[PDB]
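There are 4 protein chains.
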Amino acid sequence: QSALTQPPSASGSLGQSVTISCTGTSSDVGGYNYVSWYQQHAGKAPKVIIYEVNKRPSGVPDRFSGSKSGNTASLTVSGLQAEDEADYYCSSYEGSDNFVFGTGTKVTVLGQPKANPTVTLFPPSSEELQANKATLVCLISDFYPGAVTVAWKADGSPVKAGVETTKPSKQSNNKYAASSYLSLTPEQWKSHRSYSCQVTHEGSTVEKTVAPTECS
Amino acid sequence: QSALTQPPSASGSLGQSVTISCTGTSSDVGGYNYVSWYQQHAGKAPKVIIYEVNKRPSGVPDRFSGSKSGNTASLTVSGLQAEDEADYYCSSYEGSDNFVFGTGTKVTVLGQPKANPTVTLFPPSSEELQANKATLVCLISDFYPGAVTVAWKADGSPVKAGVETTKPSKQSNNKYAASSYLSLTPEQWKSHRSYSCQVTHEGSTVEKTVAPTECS
Amino acid sequence: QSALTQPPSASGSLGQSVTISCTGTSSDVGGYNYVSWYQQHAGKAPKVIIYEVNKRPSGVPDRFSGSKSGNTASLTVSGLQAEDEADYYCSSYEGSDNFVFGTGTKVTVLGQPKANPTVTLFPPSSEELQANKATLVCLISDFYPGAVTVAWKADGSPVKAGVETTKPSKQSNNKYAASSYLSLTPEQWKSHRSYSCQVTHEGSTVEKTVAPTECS
Amino acid sequence: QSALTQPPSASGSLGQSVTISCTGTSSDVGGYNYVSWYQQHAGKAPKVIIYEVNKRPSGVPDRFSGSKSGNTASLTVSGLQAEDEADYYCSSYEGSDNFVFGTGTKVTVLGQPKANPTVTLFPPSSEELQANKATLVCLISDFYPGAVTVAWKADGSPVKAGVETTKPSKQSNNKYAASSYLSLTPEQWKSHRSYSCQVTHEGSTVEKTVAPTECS
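Here is the structure:
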């Protein structure tokens, strides 16, 4: 369906203002005047915090803003101490036996660290070399801002047919951790050059390449 | 506060029919209509799936209605389909632009086969150990239920303050499984005798010890 | 033969919602409509209670609908009301004047309070015994569940080939209880020491012995 | 609602023809041309055996008849060996968010005896004279044709406010048995003259009177 184009996590420094945008089509969000922005303060009941454009229900606060920028719907939060710490959802109204929601701009800043992802790439074992099950597993410990873009490449170009990514979590301090792994035939492996696991941030990134070969 | 009464949890089969009950004030669901429901599954953005009272866009197969007796507004999926089970929610106009919604349900639907669990662990590359440490990662690829525990054993005894786990899953509408990680350097590693991961799951315990696999 | 698939038994509460599923050939419920349902409770004459597919005359409060996904035509009572529990049935035109109907359901609805049982036995008039026999009759007036047994004891020991019982009930939408009868003449009577009726019911046993009551 | 006026049990002698009638109003059954007559061969799925007037589905037999006698709807069964042994239901179509069913003319003849009801009347006990609970219980053993009209009178005239009648049954040979009892204050009892329990057949009847009074 639609996508209502939303960055992943917006990560300020308390006493801040962010803009979350929401691109759709030109029809809706563009011409159309009905955008809605809700808040799931750690999921559950994402409340309507913004409706119409910059309109606001009653049992929702101030500090809370939003515009219909001739093609992008944007919410501007301007404070953010112990308010934005929510999942944020942008929704586009329209008359098609539907009405659009977008992707999840989640907010926080309450943590300690906004330190980086720790990735490693464990290319296939003997599960693969013998057991013939070609699994390269790409791992990410010690996060702080839990945001995991990951993209794999197959020798040069994108790769993504039989690859999974474990929605993330990590205890102890919290931080965050997660995985992404790919499973195919041996050869698809040993016949092939290299696999890349690049988790991404904005002012973050880390890339990694595992390549085929031999034993002792 | 404007809450929408609805149970926190639903159950059923896939042979008969399920009904979630969204109840409120005559204000919201008494003398007003405009009860929309959304299909959310923790991570995709909620889907309008009965609007007004029982009006439904491509997504309602058919007997996936809702109607509102008095102010007790129940949506029924007649039949029931092996979907994923999580959150359904109802919002009504409660009028003066201040929409409100009942939370919950989720589901307990037989008609999805329990699975058994499939492990992959990949401590290696084949240097890892001569030069530093790498780290041990265990991956249960799958098994339906999502009700488990993993331990790791160093030739017979659990090592300690040397373990990190937590997640249920991802997948699409398939299963639930996660991955464990221990840092064990070299001798911490092999000096360690040999390592099984111990997947105690639903009365069946499964597990793989790994020793000399070398390079894959 | 033209049968209408529907479960033989339904269950639920009175807090949520129940759905009975009437499924058949596209002939009946595929490309034809005209699925009517009747509320029968073993003794009153069945009541049309969703006609065509979800059209309903005074009797449907409201969310007491039915809809037909594909040919799986489910009727939902949203809410559910402490009714009596027994038979619901669906008939569709299956066209060429040869209507057909699914049988069953009945119900298992919490939301009706179990009762305890209340006995009355009346062997007498006050001559009965000097002149012939009369007969012993025991009446449990009531108690909700309807899951029991009655014995009769002649000062401690069950007499034999001297007993007749069987029934669940009547009442309106209240309870279930019945009445026992033993013919015991005179001496067969008092020569008999004294008679308790023994109502073994749902883990609680209740019972009344009767001796000298004389005339009432 | 309606009543669709139907005698209770029609009781031939095999190789016979009976007429079951169905009076309603003048509107329906009268003018109206839609009567329907179904068969519950010991309950469950009462099939449509007659529709329109004398029209008959396909998987139903011959021997089976029915007319729309300008105000009474009648079915004439003409054979009856091992066919009529059913509950029989007369139904009147009409356009009032309804469609009428009538009362239950049940059929049989397969038995041994078409012998009479055995009634007794156990007027209040000490439950009543002391316990102050005024219960006169009217009992009917050894039936063959299970048909129990019962009517109580209070000194002369009808009586029926707090009186029950246990839908009937009896094991051993079968036959049939049942009860009917009345519960009121002592005085309503001892202040009052007499209570009558008349079970009725057609070419049957039995009447019984219990009157108030004293002990030893």
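Taken in sequence, the protein lines are chains 1, 2, 2' and 1'. A prime marks a further copy of an entry chain.
Read in order, the letters of the first sequence are residues 1 to 216 in PDB author numbering.
Read in order, the letters of the second sequence are residues 1 to 216 in PDB author numbering.
Read in order, the letters of the third sequence are residues 1 to 216 in PDB author numbering.
Read in order, the letters of the fourth sequence are residues 1 to 216 in PDB author numbering.
Don't be surprised by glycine CBs; every beta carbon is placed ideally from N, CA and C.
If you compare alpha carbons, which of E128 (chain 2'), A147 (chain 2') and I140 (chain 2') is closest to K190 (chain 2')?
Reading the third sequence from its first residue, position 190 is the one you call residue 190 (chain 2'). Comparing Cα-Cα distances from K190 (chain 2') to each of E128 (chain 2'), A147 (chain 2') and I140 (chain 2'), the minimum goes to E128 (chain 2').
Which class does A154 (chain 1') belong to by DSSP, given the choice of helix, strand or coil?
As a working mapping, residue 154 (chain 1') is identified with position 154 in the fourth sequence. It is a strand residue.
In or out: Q1 (chain 1) buried (at least 16 other Cβ within 10 Å) or exposed?
Residue mapping note: residue 1 (chain 1) aligns to position 1 of the first sequence, counting from 1. Exposed is the call here.
With a Cβ-Cβ cutoff of 8 Å, do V210 (chain 1) and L182 (chain 1) count as a contact?
The residue you call residue 210 (chain 1) lines up with position 210 of the first sequence. The residue you call residue 182 (chain 1) lines up with position 182 of the first sequence. No, these two residues do not count as a Cβ contact at 8 Å.
Can you tell me whether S179 (chain 1) is helix, strand or coil according to DSSP?
Position 179 of the first sequence, counting from 1, holds the residue named residue 179 (chain 1). Strand.
Please compile the residues from chain 1' whose C-beta is within a distance smaller than 8 Å of the C-beta of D97 (chain 2').
Numbered from its first residue, the third sequence carries residue 97 (chain 2') at position 97. Within chain 1', the residues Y51, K55 and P57 have their CB atoms less than 8 Å from the CB of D97 (chain 2'), given in chain order.
Taking Cβ positions only, does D62 (chain 2) come closer than 8 Å to chain 2'?
For the purposes of this step, residue 62 (chain 2) is identified with residue 62 of the second sequence, where counting begins at 1. For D62 (chain 2), the answer is yes, since a Cβ of chain 2' falls inside 8 Å of its Cβ.
If you draw a straight line from the alpha carbon of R193 (chain 1) to that of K68 (chain 1), how long is it in whole angstroms?
What you label residue 193 (chain 1) is simply residue 193 of the first sequence in a count that begins at 1. What you label residue 68 (chain 1) is simply residue 68 of the first sequence in a count that begins at 1. Answer to the nearest angstrom: the Cα atoms are 47 Å apart.
Can you tell me whether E207 (chain 1) is buried or exposed, with buried defined as 16 or more other CB within 10 angstroms of its CB?
What you label residue 207 (chain 1) is simply residue 207 of the first sequence in a count that begins at 1. It is exposed - the Cβ of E207 (chain 1) has fewer than 16 other Cβ atoms within 10 Å.
Can you list the residues of chain 2' that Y181 (chain 1') reaches, using a CB-CB cut of under 7 Å?
On the fourth sequence, position 181 is the one that residue 181 (chain 1') refers to. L139, listed in chain order.
Is there at least one Cβ from chain 2' nearer than 8 Å to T213 (chain 2)'s Cβ?
By 1-based counting over the second sequence, the position of residue 213 (chain 2) is 213. Cβ-Cβ to chain 2' under 8 Å: no for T213 (chain 2).
The segment 117-133 of chain 1 contacting the segment 109-129 of chain 2, beta-carbon criterion three pairs below 8 Å
yes
Closer than 7 Å by beta-carbon distance: list the chain 2 residues that pair up with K170 (chain 1), in chain order.
Taking the first residue of the first sequence as position 1, residue 170 (chain 1) is located at position 170. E164 and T166, listed in chain order.
8 Å Cβ cut-off: residues of chain 2 touching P124 (chain 1):
Against the first sequence, residue 124 (chain 1) aligns to sequence position 124. Residues of chain 2 passing the Cβ test: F122 and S216.
Residues in the segment 100-124 of chain 2' with C-beta within 8 Å of chain 1''s C-beta atoms, listed in sequence order?
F101, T103, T120, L121, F122, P123 and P124
Under a Cβ-count criterion, where at least 16 other Cβ atoms within 10 Å of its own Cβ denotes burial, should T213 (chain 1) be classed as buried or exposed?
Looking up residue 213 (chain 1) in the first sequence gives position 213. Classification of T213 (chain 1): exposed, given that the 10 Å Cβ count is below 16.
What first and last residue would you give for the alpha helix (DSSP H) that runs through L139 (chain 1')?
The residue labelled residue 139 (chain 1') in the question sits at position 139 within the fourth sequence. No alpha helix (DSSP H) holds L139 (chain 1'); the beta strand (DSSP E) holding it covers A134 to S141.
Name, please, each residue of chain 1' whose Cβ falls closer than 7 Å to the Cβ of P46 (chain 2').
Translated into the one-based positions of the third sequence, residue 46 (chain 2') becomes position 46. Per Cβ cutoff of 7 Å: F101.
By the 10 Å Cβ neighbour count, where 16 or more other Cβ atoms means buried, how is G95 (chain 2') classified, buried or exposed?
Taking the first residue of the third sequence as position 1, residue 95 (chain 2') is located at position 95. Using a 10 angstroms sphere on the CB of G95 (chain 2'), the tally of other CB atoms stays under 16, which defines it as exposed.
Whose C-alpha, out of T165 (chain 1'), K175 (chain 1') and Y51 (chain 1'), is nearest the C-alpha of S141 (chain 2')?
The residue labelled residue 141 (chain 2') in the question sits at position 141 within the third sequence. Checking every option, the nearest Cα to that of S141 (chain 2') belongs to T165 (chain 1').
Proximal residues to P61 (chain 1) (C-beta, below 7 Å), its chain only, five neighbours per side dropped:
Position 61 of the first sequence, counted from the first residue, corresponds to residue 61 (chain 1). Excluding positions up to five away in sequence, the list reads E83.
Give the DSSP-derived three-state secondary structure of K190 (chain 1') in the structure shown.
Here residue 190 (chain 1') refers to the residue found at position 190 when the fourth sequence is read from its first residue. In the structure shown, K190 (chain 1') sits in a helix (DSSP, three-state: H, G or I).
Counting only beta-carbon separations shorter than 8 Å, does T185 (chain 2') have a partner in chain 2?
Looking up residue 185 (chain 2') in the third sequence gives position 185. It does not: the Cβ of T185 (chain 2') has no partner Cβ on chain 2 nearer than 8 Å.
Between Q16 (chain 2) and chain 2', is any beta-carbon pair separated by less than 8 Å?
As a first step, residue 16 (chain 2) must be located in the second sequence, where it is residue number 16. With 8 Å as the cut-off, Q16 (chain 2) counts as an interface residue toward chain 2'.
Cβ pair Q40 (chain 2), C22 (chain 2) closer than 8 Å:
Counted from its first residue, the second sequence places residue 40 (chain 2) at position 40. Counted from its first residue, the second sequence places residue 22 (chain 2) at position 22. No, Cβ-Cβ distance for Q40 (chain 2) and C22 (chain 2) is not below 8 Å.
Where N132 (chain 2) and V35 (chain 1) are concerned, what is the direct C-alpha to C-alpha distance, given to the nearest angstrom?
One-based indexing of the second sequence puts residue 132 (chain 2) at position 132. One-based indexing of the first sequence puts residue 35 (chain 1) at position 35. Near 54 Å, if we compare the C-alpha coordinates of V35 (chain 1) and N132 (chain 2).
Cβ separation of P46 (chain 2') and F99 (chain 1'), assumed to be a contact under 8 Å, to the nearest whole Å
Reading the third sequence from its first residue, position 46 is the one you call residue 46 (chain 2'). Reading the fourth sequence from its first residue, position 99 is the one you call residue 99 (chain 1'). About 10 Å separates the two Cβ atoms, so there is no contact after all.
Nearest-angstrom Cα separation, counted from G104 (chain 2') out to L184 (chain 1)
Against the first sequence, residue 184 (chain 1) aligns to sequence position 184. Against the third sequence, residue 104 (chain 2') aligns to sequence position 104. Distance between the alpha carbons of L184 (chain 1) and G104 (chain 2'): 51 Å.
Backbone secondary structure at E128 (chain 1') - three-state DSSP:
Taking the first residue of the fourth sequence as position 1, residue 128 (chain 1') is located at position 128. If DSSP states are grouped into helix, strand and coil, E128 (chain 1') belongs with the helices.
When you compare only the Cα positions, how much space is there between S13 (chain 1') and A115 (chain 1')?
Here residue 13 (chain 1') refers to the residue found at position 13 when the fourth sequence is read from its first residue. Here residue 115 (chain 1') refers to the residue found at position 115 when the fourth sequence is read from its first residue. Looking at the two C-alpha atoms, the distance is approximately 14 Å.
Taking C-alpha atoms, which residue in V109 (chain 2'), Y93 (chain 2') and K44 (chain 2') lies nearest to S172 (chain 2')?
Taking the third sequence and counting its residues from 1, one reaches residue 172 (chain 2') at position 172. The residue with the shortest Cα to Cα distance from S172 (chain 2') is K44 (chain 2').
Identity of the residue in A161 (chain 1'), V150 (chain 1') and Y93 (chain 1') nearest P168 (chain 1') by Cα
Here the question's residue 168 (chain 1') lines up with position 168 in the fourth sequence. The option with the nearest alpha carbon to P168 (chain 1') is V150 (chain 1').
Using a Cβ-Cβ distance under 8 Å, would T19 (chain 2') count as near chain 2?
Locating residue 19 (chain 2') in the third sequence gives position 19, counting from the first residue. Output row for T19 (chain 2'): interface = yes.
What does the Cβ neighbour count give for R56 (chain 1'), buried or exposed, with the cut at 16 atoms within 10 Å?
Numbered from its first residue, the fourth sequence carries residue 56 (chain 1') at position 56. Residue burial is scored here from C-beta neighbours: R56 (chain 1') has at least 16 other C-beta atoms within 10 angstroms and is therefore classed as buried.
Is there a Cβ from chain 2' that is less than 8 Å from the Cβ of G24 (chain 2)?
By one-based count along the second sequence, residue 24 (chain 2) stands at place 24. It does not: the Cβ of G24 (chain 2) has no partner Cβ on chain 2' nearer than 8 Å.
So who's on the other strand from residue 218 (chain 2'), going by DSSP bridges?
Past the edges of chain 2', shown from 1 to 216, lies residue 218 (chain 2'), and the structure says nothing about it.
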